[PDB]
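Spelled out, the chains give:
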Amino acid sequence: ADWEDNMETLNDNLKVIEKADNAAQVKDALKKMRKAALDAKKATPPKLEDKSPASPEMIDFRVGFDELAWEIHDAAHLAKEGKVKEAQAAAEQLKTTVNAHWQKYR
Amino acid sequence: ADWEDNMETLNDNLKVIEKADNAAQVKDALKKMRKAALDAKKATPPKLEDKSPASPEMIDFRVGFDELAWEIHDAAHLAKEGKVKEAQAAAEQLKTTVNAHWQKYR
Amino acid sequence: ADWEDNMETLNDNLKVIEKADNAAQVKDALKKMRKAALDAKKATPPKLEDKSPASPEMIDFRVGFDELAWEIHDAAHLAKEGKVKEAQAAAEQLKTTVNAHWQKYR
Ligand SMILES: [Mg+2]
Ligand SMILES: [Mg+2]
Ligand SMILES: [Zn+2]
């Protein structure tokens, strides 16, 4: 796919996570987030449409999505342990990371 | 690296997992699977031999092995929670992901 | 950022981990190690400053830091389970891996 839809999936599942009631919902939403982040690793953002796929910029873009995958992982750990509130709290910081990323590469 | 046999290693450790009797065997096979997935990140498959290490096709190859490493992780998490049979089910789905990769890239 | 400073962050947190007494200390230092390894994915090491960002050499350099992040992951899992000493042992081997990497690329 392409970058815009991966950002859309990320924010859709962040909203699911805020709205959720139990650990299972958070876990599934985080799985969709990790899938979307790994997918965005394959896309080229609008702002870097003019830069090479091997340019330093594209490397930092992909590594940023590896960092997002690892943060998602930690939140998924909280959700798998059953700590719904702590997972929701972690997801708020994930939202900070996602909105900043969308801001930069919009 | 050496793409050809990392696929062999993943298939053989899936054979190990299906045949396995205890939690320990599946975890060890999953750790060997993660090693093989990450290692395969370094190689070039046949289908991409005339392509750049940085070609978009090559980028998608490497990201696909990140996805495989993350799937393996979920399977290992299950085996670590004490859910040996749930882990073997996850491994069955890994079997579909891996042989899917053998086609297209061989 | 910068490669050698990432190496120094890894070495300092290895020391913190060996001297620590509780799971929280080990977890905090390993999370810092994971941050620094993922960051190092973004740098270019001295030995490869003559190579393309898309070179096979640079690809292997980045994949090695994916491997280091996964090993850090396993140690953090040990620390979360309450196995403080096993996490420290795992960290000693992380030190072996790090000093090998520091030698190869330097
Ligand atoms: Mg920095
Ligand atoms: Mg971890
Ligand atoms: Zn984990």
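Residues numbered from 1 in each chain as written, not as in the entry; some residues may be left out. Chains lettered and ligands numbered in written order. Heavy atoms only, no water.

With the PDB entry as reference, chain A is termed Soluble cytochrome b562, source organism Escherichia coli BL21(DE3).

Hey, could you run me through helix α4 (residues 84-105) of chain B in this one?
An α-helical turn contains 3.6 residues, so a residue and the one three or four places further along point in the same direction. Residues and elements named next belong to chain B. Counted at 1.5 Å a residue, the expected span for α4 with its 22 residues is 32 Å, and the 31 Å between its end C-alpha atoms agrees. Taken residue by residue, α4 has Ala87, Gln88, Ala91, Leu94, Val98, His101 and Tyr105 as its buried positions. The buried residues of α4 occupy an angular sector of 115° when projected down its axis, which confines them to one face. Away from its buried face by more than 90 degrees, α4 exposes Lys85, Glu92 and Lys104. Taken together, the buried residues of α4 touch α1 (3-19), α2 (23-40) and α3 (56-80). (Helix = DSSP H or I, 4+ residues; strand = E, 2+ residues; numbered from the N terminus. Expected span 1.5 Å × (residues − 1). Buried < 20%, exposed > 50% of the residue type's maximum accessible area, 1.4 Å probe, protein only. Arc of directions from axis to C-beta. Contact = heavy atoms within 4.5 Å.)

What's the story with the relation of the copies chain B and chain C in this structure? I'm lost.
Superposing chain B onto chain C takes a rotation of 120° combined with a translation of 0.1 Å along the rotation axis, leaving an RMSD of 0.4 Å. Taken together, the rotation and translation describe the operation of a three-fold axis. If distances are taken from each C-alpha of chain B to the rotation axis, the shortest is found for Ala54(B), at 3.2 Å. (Least-squares fit on C-alpha atoms.)

In this structure, what is going on with the coordination of the zinc ion (ligand 3)? I would like to understand it.
The reference angle at a metal is 109.5 degrees if four donors form a tetrahedron and 90 or 180 degrees if six donors form an octahedron. At 2.1 to 2.8 Å from the zinc ion (ligand 3) lie its protein donor atoms, namely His73(A) (NE2), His77(A) (NE2), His73(B) (NE2), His77(B) (NE2), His73(C) (NE2) and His77(C) (NE2). Around the zinc ion (ligand 3), the 6 donor atoms sit at angles spanning 63 to 154°, and that spread fits a shape best called irregular. (Donors = N, O, S within 2.8 Å, 3.2 Å for Na, K, Ca; no water. Tetrahedral: all angles 85-135°; square planar, octahedral: opposite > 155°, others 65-115°.)

Would you mind showing me how to read the nonpolar core here?
Within soluble globular proteins, side chains that are nonpolar generally end up buried alongside one another. Residue and element names in this part refer to chain A. Judged by nonpolar contacts, the single largest core of 31 residues is most densely connected at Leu30, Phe65 and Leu94. Mapped by element, the contributors of at least two residues to this core are α1 (3-19), α2 (23-40), α3 (56-81) and α4 (84-105). Once residues lying within four places of it in the same chain are set aside, the contact partners of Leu30 are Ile17, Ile72, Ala75, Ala76, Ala79 and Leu94. (Core = buried A, V, L, I, M, F, W, Y, C linked by side-chain atoms within 4.5 Å.)

Quick question: what am I supposed to make of a negative patch on the surface here?
A cluster of acidic residues, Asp2(A), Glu4(A), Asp5(A), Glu8(A) and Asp12(A), forms a negative patch at the surface. Relative to the helices and strands, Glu4(A) resides in helix α1. (Patch = residues over 30% accessible without salt bridge, like charges linked within 9 Å, V, L, I, M, F, W, Y side chains within 5 Å. Areas by Shrake-Rupley, 256 points an atom, 1.4 Å probe, with all protein chains shown as cover. Salt bridge = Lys/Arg side-chain N within 4 Å of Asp/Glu carboxyl O. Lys, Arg positive; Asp, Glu negative; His and termini not counted. Charge placed at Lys NZ, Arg CZ, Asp CG, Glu CD.)

Where do I start with the interface of chain B and chain A in this structure?
Opposite the 12 residues of chain B that make contact, chain A presents 13 residues. Connecting chain B to chain A are 3 salt bridges. The salt bridge partner of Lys41(A) is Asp66(B), with a shortest N-O separation of 2.4 Å. There are 5 residue pairs in polar contact connecting chain B and chain A. Its residues placed into classes, the side of chain B that touches chain A shows 4 nonpolar, 2 polar and 6 charged. (Polar contact = N/O pair within 3.5 Å; in protein donor to acceptor, adjacent residues only side chain to side chain. Nonpolar A, V, L, I, M, F, W, Y, C, P; charged D, E, K, R; others polar.)

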